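S.K.: Handing you this structure, nothing more for now.
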Amino acid sequence: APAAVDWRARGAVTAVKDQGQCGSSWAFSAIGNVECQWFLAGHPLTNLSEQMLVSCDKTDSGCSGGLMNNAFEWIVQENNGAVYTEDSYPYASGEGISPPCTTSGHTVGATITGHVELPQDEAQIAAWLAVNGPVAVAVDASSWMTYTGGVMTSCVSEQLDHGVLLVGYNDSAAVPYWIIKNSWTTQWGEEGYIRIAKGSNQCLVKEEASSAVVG
Ligand SMILES: O=C(Nc1nc2ccccc2[nH]1)c1c[nH]nc1-c1ccc(F)cc1
Ligand SMILES: Cc1nn(C)cc1C(=O)Nc1nc2ccccc2[nH]1
């Protein structure tokens with residue numbers, strides 16, 4: 001692996017989104033990861049549908065919480081692999097209300113065929129990420145409300161409560177760090193993003209890393 005990676009600069013990452021008040025940090029992580037994989041497959045970067053998962057993924061509990069791997073498993077095994085575009089199934093649960101499931105011909109933004117889990121190794125994840133693109137990970141965002149910007153180093157690492165998207169790292173800097181895409185708009189943190197120290201398992205980042213697999 002290289003000294004640094006940033007998939008935004010390779011134009012492979014969609015704009016930062018806003019989950020509003022809904023525990024759907026997963027849907028955003030899982031989907032965010034798929035948006036990138038679809039692009040890196042050779043296709044146009046399409047903004048995909050988080051609402052699809054909140055409403056339809058029954059394995060996951062909609063708004064009160066979910067898990068990225070269940071999404072990938074659900075999409076492939078219950079939804080025939082289909083991920084809808086956002087224009088055809090837009091986010092509604094911003095305020096907490098999650099509509100019912102639908103099928104009046106939504107548009108399929110991407111078709112995935114599986115997913116893979118990565119080891120609990122920050123270095124190995126970086127190895128995969130550098131080659132294959134943004135990785136979906138779970139973290140302990142207890143210490144994230146207070147976040148203004150900078151390389152975070154004293155992150156509470158006890159409870160996985162939040163789902164996000166790794167878009168690259170930087171092993172060259174004074175303090176090596178992961179670059180993480182977050183679903184709390186762009187006012188939060190560094191234009192929507194956040195940098196946590198790479199190597200010491202900040203925020204329990206290496207604990208639940210996975211990525212969808214296209215084609
Ligand atoms: O509730 C969430 N996750 C969760 N915990 C569970 C315990 C028992 C059964 C199902 C469960 N699902 C959740 C809400 N917002 N974000 C996440 C999230 C937390 C961890 C994670 F890895 C991914 C998402
Ligand atoms: C959503 C959600 N569900 N639960 C249980 C907590 C949250 C949450 O913290 N949202 C949130 N915090 C923010 C802090 C700063 C800016 C924007 C912010 N948005």
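Convention: chains lettered A, B, ... in structure tokens order; per-chain residue numbering from 1; ligands numbered from 1 as shown.
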Considering only alpha helix (DSSP H) as DSSP defines it on the backbone, what residues of chain A qualify? List them as an MDAnalysis selection string.

M.R.: chainID A and resid 25:41 51:56 68:77 122:132

S.K.: How would you report the residues lying within 6 Å of ligand 2, as a list in words, if you count only C-alpha atoms and all ligand atoms?

M.R.: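 Counting only C-alpha atoms and all ligand atoms, the residues within 6 Å of ligand 2 come out as residues 20, 21, 22, 23, 145, 184 and 188 of chain A.
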
S.K.: Out of A:55, A:211, A:200, A:187, which residue has the shortest atom-to-atom distance to residue A:91 when counting only C-alpha atoms?

M.R.: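 Checking each of A:55, A:211, A:200, A:187 against residue A:91, counting only C-alpha atoms, the winner is A:55.
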
S.K.: Please identify every polymer residue within 12 Å of ligand 1, using only C-alpha atoms and all ligand atoms, and present the set as a PyMOL selection string.

M.R.: chain A and resi 19-30+54+58-71+136-142+158-165+182-183+203-210

S.K.: How about saving the chosen residues, C-alpha atoms kept, as a PDB file, in the first residue's frame?

M.R.:
ATOM      1  CA  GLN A  19     -29.429  11.586   7.996  1.00  0.00           C
ATOM      2  CA  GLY A  20     -31.465  14.015  10.103  1.00  0.00           C
ATOM      3  CA  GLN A  21     -32.879  12.493  13.272  1.00  0.00           C
ATOM      4  CA  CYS A  22     -32.862   8.754  12.507  1.00  0.00           C
ATOM      5  CA  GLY A  23     -30.589   5.950  13.709  1.00  0.00           C
ATOM      6  CA  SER A  24     -29.986   5.005  10.123  1.00  0.00           C
ATOM      7  CA  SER A  25     -26.243   5.624  10.334  1.00  0.00           C
ATOM      8  CA  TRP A  26     -26.032   2.178   8.823  1.00  0.00           C
ATOM      9  CA  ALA A  27     -28.128   2.660   5.705  1.00  0.00           C
ATOM     10  CA  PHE A  28     -25.953   5.703   5.002  1.00  0.00           C
ATOM     11  CA  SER A  29     -22.739   3.735   5.539  1.00  0.00           C
ATOM     12  CA  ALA A  30     -23.864   0.708   3.593  1.00  0.00           C
ATOM     13  CA  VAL A  54     -34.846   2.056   6.288  1.00  0.00           C
ATOM     14  CA  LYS A  58     -36.826  -5.891   7.768  1.00  0.00           C
ATOM     15  CA  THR A  59     -33.809  -7.705   9.105  1.00  0.00           C
ATOM     16  CA  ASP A  60     -32.688  -4.310  10.254  1.00  0.00           C
ATOM     17  CA  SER A  61     -34.951  -2.271  12.454  1.00  0.00           C
ATOM     18  CA  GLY A  62     -35.559   0.711  10.257  1.00  0.00           C
ATOM     19  CA  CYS A  63     -35.070   3.846  12.265  1.00  0.00           C
ATOM     20  CA  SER A  64     -34.211   2.572  15.762  1.00  0.00           C
ATOM     21  CA  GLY A  65     -30.944   1.158  14.400  1.00  0.00           C
ATOM     22  CA  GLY A  66     -29.400  -1.312  11.988  1.00  0.00           C
ATOM     23  CA  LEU A  67     -26.213  -3.016  10.830  1.00  0.00           C
ATOM     24  CA  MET A  68     -24.360  -2.565   7.556  1.00  0.00           C
ATOM     25  CA  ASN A  69     -23.743  -6.282   6.922  1.00  0.00           C
ATOM     26  CA  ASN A  70     -27.445  -6.998   7.272  1.00  0.00           C
ATOM     27  CA  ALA A  71     -28.111  -4.401   4.591  1.00  0.00           C
ATOM     28  CA  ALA A 136     -17.987   0.688   5.402  1.00  0.00           C
ATOM     29  CA  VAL A 137     -17.043   0.690   9.086  1.00  0.00           C
ATOM     30  CA  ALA A 138     -18.711   1.037  12.473  1.00  0.00           C
ATOM     31  CA  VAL A 139     -17.346   3.356  15.210  1.00  0.00           C
ATOM     32  CA  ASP A 140     -17.887   4.779  18.712  1.00  0.00           C
ATOM     33  CA  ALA A 141     -19.097   8.304  17.986  1.00  0.00           C
ATOM     34  CA  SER A 142     -19.633   9.223  21.636  1.00  0.00           C
ATOM     35  CA  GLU A 158     -16.006   1.448  23.988  1.00  0.00           C
ATOM     36  CA  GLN A 159     -19.307   1.145  22.184  1.00  0.00           C
ATOM     37  CA  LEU A 160     -20.028   0.738  18.528  1.00  0.00           C
ATOM     38  CA  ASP A 161     -22.958   3.101  17.988  1.00  0.00           C
ATOM     39  CA  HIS A 162     -22.368   4.757  14.599  1.00  0.00           C
ATOM     40  CA  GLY A 163     -21.949   3.717  10.937  1.00  0.00           C
ATOM     41  CA  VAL A 164     -19.701   5.661   8.544  1.00  0.00           C
ATOM     42  CA  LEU A 165     -17.515   5.408   5.419  1.00  0.00           C
ATOM     43  CA  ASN A 182     -19.985  11.130   7.942  1.00  0.00           C
ATOM     44  CA  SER A 183     -23.722  11.530   7.490  1.00  0.00           C
ATOM     45  CA  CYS A 203     -13.103   4.946  17.879  1.00  0.00           C
ATOM     46  CA  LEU A 204     -12.983   1.140  17.455  1.00  0.00           C
ATOM     47  CA  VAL A 205     -12.783   1.662  13.693  1.00  0.00           C
ATOM     48  CA  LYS A 206     -11.235  -1.701  12.694  1.00  0.00           C
ATOM     49  CA  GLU A 207     -13.928  -3.647  14.529  1.00  0.00           C
ATOM     50  CA  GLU A 208     -16.626  -3.853  11.873  1.00  0.00           C
ATOM     51  CA  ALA A 209     -15.262  -3.236   8.388  1.00  0.00           C
ATOM     52  CA  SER A 210     -16.990  -4.590   5.277  1.00  0.00           C
TER      53      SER A 210
END
